[PDB]
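A.B. asks:
Number of protein chains: 2
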Amino acid sequence: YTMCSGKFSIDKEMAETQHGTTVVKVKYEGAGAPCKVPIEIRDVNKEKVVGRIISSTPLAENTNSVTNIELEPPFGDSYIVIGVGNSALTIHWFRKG
Amino acid sequence: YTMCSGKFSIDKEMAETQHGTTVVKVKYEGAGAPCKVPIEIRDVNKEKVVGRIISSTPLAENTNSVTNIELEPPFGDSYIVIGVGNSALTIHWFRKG
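Protein chains in written order, with the authors' numbering: chain B, 297 to 393; chain B', 297 to 393. A prime marks a further copy of an entry chain.
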């Protein structure tokens, strides 16, 4: 699979789980599915944080499909960008230490 | 910057340099520039190979702009995917050991 080229929207706001992760649900509104949900997690220095995605490589299976994404945000501020281009969405998360 | 959402084409075929790298030039034909050229390098097991991009984070500055990309392919077979979606291009490279 290649990365989805189209727009995503938040289907369920990012929320903390009980086992030290967060989960967010996104709806894929674009074309070219099945395709990989583009997900990048960066710290305050805009540097990528690796290995924090818990879900097996999240896919948008079809146009309008909803995908569950489980993440393990680092401590402090992280900026999670889902999608590509001008329609990419950013989620700011703060994890208290 | 976010990742470019649009189509790229090969402007200059991937070629070996003298100092143990390769260089390929791509033309960005899409919108939303300036944006980051999406580049992933995977091995035969389709696993990402990290730290092989020599160029500072390649950008497409504008629609129709041409970007120079210097890479350090791993030994053996690597598959370099530029772009996203159904218009993403794949380059197969073999590096003799």
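Built from N, CA and C at the ideal position, the CB exists for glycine as well.
Answer with buried or exposed for residue 305 of chain B', where buried requires no fewer than 16 other C-beta atoms within 10 angstroms of its C-beta.
C.D. replies: The residue given as residue 305 of chain B' occupies position 9 in the second sequence. So residue 305 of chain B' counts as exposed.
A.B. asks: Is residue 346 of chain B' near the ligand ATP, judged by its Cβ being under 7 Å from some heavy atom?
C.D. replies: Here there are no bound small molecules, and the ligand ATP is not part of this structure.
A.B. asks: In the DSSP assignment, what residue or residues form a beta bridge with residue 376 of chain B'?
C.D. replies: Here residue 376 of chain B' refers to the residue found at position 80 of the second sequence. In DSSP, residue 376 of chain B' forms a bridge with B'/337 and B'/387.
A.B. asks: Taking 8 Å as the cut-off, decide whether the C-beta atoms of residue 303 of chain B' and residue 379 of chain B' are in contact.
C.D. replies: Start at 1 with the first residue of the second sequence, and residue 303 of chain B' comes out as number 7. Start at 1 with the first residue of the second sequence, and residue 379 of chain B' comes out as number 83. Contact: yes.
A.B. asks: Give the range of the beta strand (DSSP E) segment to which residue 306 of chain B is assigned.
C.D. replies: Position 10 of the first sequence, counted from the first residue, corresponds to residue 306 of chain B. Start and end: 304-312.
A.B. asks: Kindly say whether residue 384 of chain B, judged by its beta-carbon, lies nearer than 8 Å to any beta-carbon of chain B'.
C.D. replies: Against the first sequence, residue 384 of chain B aligns to sequence position 88. It does; some Cβ of chain B' falls within 8 Å.
A.B. asks: Using a Cβ-Cβ cut-off of 6 Å (strictly less than) and excluding sequence neighbours within five positions of residue 309 of chain B', which residues of its own chain qualify?
C.D. replies: Within the second sequence, numbered from 1, the residue matching residue 309 of chain B' stands at position 13. If we look at residue 309 of chain B' and ignore the five residues flanking it on each side, it has no Cβ neighbours.
A.B. asks: Label residue 381 of chain B' either buried or exposed according to how many other C-beta atoms from any shown protein chain fall within 10 Å of its C-beta, with 16 as the threshold for buried.
C.D. replies: Indexing the second sequence from 1 puts residue 381 of chain B' at position 85. Buried, by the Cβ-count rule.
A.B. asks: Give me whichever residues DSSP pairs with residue 324 of chain B in a beta bridge.
C.D. replies: What you label residue 324 of chain B is simply residue 28 of the first sequence in a count that begins at 1. Beta-bridge pairing links residue 324 of chain B to B/304.
A.B. asks: Between the Cα of residue 337 of chain B and those of B/318, B/326, B/314 and B/357, spot the shortest distance and give me the residue it belongs to.
C.D. replies: Along the first sequence, read from residue 1 onward, the residue named residue 337 of chain B stands at position 41. Ranking B/318, B/326, B/314 and B/357 by Cα distance to residue 337 of chain B puts B/318 first.
A.B. asks: Check the Cβ-Cβ distances between residue 334 of chain B' and every residue of chain B, and say whether any is below 8 Å.
C.D. replies: As a first step, residue 334 of chain B' is located in the second sequence; it is residue number 38 there, counting from the start. True, the Cβ-Cβ gap to chain B drops below 8 Å.
A.B. asks: Just the Cα atoms here: how many angstroms apart are residue 359 of chain B' and residue 329 of chain B'?
C.D. replies: One-based indexing of the second sequence puts residue 359 of chain B' at position 63. One-based indexing of the second sequence puts residue 329 of chain B' at position 33. Each residue's alpha carbon lies about 6 Å from the other.
A.B. asks: Can you give the Cα-Cα distance for residue 349 of chain B' and residue 367 of chain B', rounded to whole angstroms?
C.D. replies: In the second sequence, residue 349 of chain B' corresponds to position 53, counting from 1. In the second sequence, residue 367 of chain B' corresponds to position 71, counting from 1. Spanning the two alpha carbons is a distance of roughly 5 Å.
A.B. asks: Quick check: what's the CA-CA separation for residue 384 of chain B' versus residue 301 of chain B'?
C.D. replies: The residue given as residue 384 of chain B' occupies position 88 in the second sequence. The residue given as residue 301 of chain B' occupies position 5 in the second sequence. Approximately 10 Å, taken between the alpha carbons.
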